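Cβ coordinates were reconstructed from backbone atoms using ideal geometry, including for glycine residues, and neighbour counts include every protein chain displayed. Any read-out appearing in this document is the output of simple, stated calculations on the displayed coordinates, not a laboratory observation.
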Ligand code: HEM
Ligand SMILES: O=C1N[C@@H](Cc2c[nH]c3ccc(F)cc23)C(=O)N2CCC[C@@H]12
Ligand SMILES: O=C1N[C@@H](Cc2c[nH]c3ccc(F)cc23)C(=O)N2CCC[C@@H]12
Ligand SMILES: [Ca+2]
């Protein structure tokens, strides 16, 4: 069985449920991209055990030379590629909390909600249809990255970074050397500009890092991290969440009537809406055992968050979008020590988007869901456009 399963749209591959129901708690696959053997976990209970055992190491699975699911290493050649580790290493946990935590949300939620309303209001004033991907998600996610993470970017700089992320974070669709060069271009951009970006107005995280008590190569790796972790993820997820909402007008109607139910809908979108077409992954740093299956030192085990989020043993009717369902914690931000530190800002922008939609009932797709076209091969699913109208 080769990996990934080429399920580039919101329709999850049937392989995930087939492995979930199989008689083994971990299943062998082979990387289509490298030929590397890998282990794959699809059950919630097993995923909790793996992701909360620190002897399964994320950094070891990211290291140059690890068995891997990507066709190329996710780093500019000659660089370390372990930015968030390096930053927590140098003693910046405090600064990451300031730039990503509840205080950052308090600083930014005002303009984020103003911008979501402004973008939706301009679309509502247009005669004709519009594109929720290009006209709502792209400006909102670009503003999030610029104001809270990198600093003010020109349009051309934003486009270059967006292109680098779409070219480098891929299972297929580009040559290996094009994929590698995307990381080289991004790194060389931040070698030239990361310090410049820190010296602009704002409280964006890259400034906070650059002002804390770092070499240009380290600051450049911080910039590349914020692009790959913050830009295609937020844009892919907001696009997918809008598709989910547009396909559930009864749910939107309930949020319109009961705005206090929006936070529950945000959490259910994170469970229900698929994002990555690959898996979180960890290297066994010694011989380990998971639900009876031996994992030798150096072997890499992946967890599909999509598969876990749709596990019927965890969630009753897992394929139903049900805000306010009462089951366990979703896996949309992961689990354990590597739980997405962007979760506060992500939840902020997701909530701003849900509220903007819930205030304007009647918003609908201008084509059929099957006429939606998907970028093929991205790590993080994204439709090419979302034609919509009132
Ligand atoms: C402001 C935007 C975001 C920022 C700055 C951000 C930042 C990060 C960083 C730095 C990590 C690495 C943590 C580590 O390896 O210890 C991470 C992990 C993660 N992020 Fe985000 N993120 C953002 C948005 C998102 C979104 C929108 C999603 C999902 C919808 C998401 C899902 C995840 C997941 C699942 C992980 C865990 C990966 C793993 O366990 O290996 N992130 N994020
Ligand atoms: O910091 C990291 N953590 C893990 C998981 C992760 C978080 N965000 C991501 C965005 C793209 C991607 F391919 C992987 C990740 C990982 O694999 N990393 C390589 C690139 C960023 C790095
Ligand atoms: O496809 C991928 N997924 C991440 C882990 C992950 C799963 N779901 C996510 C949602 C958001 C995010 F930022 C990261 C992930 C990861 O390690 N990769 C290495 C190569 C493919 C990439
Ligand atoms: Ca190796």
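Only one of 60, 124 is over 22 Å from residue 146 (Cα atoms), away from ligand 4 (no atom under 16 Å from the Cβ) and out of contact with any helix residue (DSSP H, G or I) (no Cβ under 8 Å at 6 or more places or on another chain); which? Only one candidate passes the filter, namely 124. For the condition within 16 Å of ligand 4 (Cβ to nearest atom), over 14 Å from the mean Cα position of the chain (by Cα) and surrounded by fewer than 23 Cβ atoms within 10 Å (Cβ to Cβ), residue 298 qualifies.
Scanning the stretch 18-69 for residues that are part of a loop (DSSP other than H, G, I, E, B) and either farther than 22 Å from residue 309 by Cβ or more than 15 Å from ligand 1 (Cβ to nearest atom) (or both) yields a count of 21. Within the stretch 33-66, being within 12 Å of ligand 3 (Cβ to nearest atom) and closer than 22 Å to residue 1 by Cα holds for 33, 34, 36, 38, 47, 61, 66. Among the residues making up the stretch 169-202, those that are over 30 Å from residue 5 (Cα atoms) and surrounded by fewer than 16 Cβ atoms within 10 Å (Cβ to Cβ) are 188, 192, 196, 199, 200, 201.
When residue 99 is tested against (1) farther than 22 Å from residue 309 by Cβ; (2) within 13 Å of ligand 3 (Cβ to nearest atom); (3) crowded, with 17+ Cβ neighbours inside 10 Å, exactly one condition is not met: (2). Quick check on the stretch 222-243. Is at least one of its residues surrounded by fewer than 18 Cβ atoms within 10 Å (Cβ to Cβ) and touching a helix residue (DSSP H, G or I) at 6+ places or on another chain (Cβ under 7 Å)? Among the residues of the stretch 222-243, not one is surrounded by fewer than 18 Cβ atoms within 10 Å (Cβ to Cβ) and touching a helix residue (DSSP H, G or I) at 6+ places or on another chain (Cβ under 7 Å), which makes the answer no. Within the stretch 78-89, is there a residue that is part of a loop (DSSP other than H, G, I, E, B), surrounded by 20 or more Cβ atoms within 10 Å (Cβ to Cβ) and within 16 Å of ligand 2 (Cβ to nearest atom)? There is at least one residue in the stretch 78-89 that is part of a loop (DSSP other than H, G, I, E, B), surrounded by 20 or more Cβ atoms within 10 Å (Cβ to Cβ) and within 16 Å of ligand 2 (Cβ to nearest atom).
With respect to the conditions (1) more than 21 Å from residue 233 (Cβ to Cβ); (2) loosely packed, with under 14 Cβ neighbours inside 10 Å, residue 130 lacks only one, and its number is (2).
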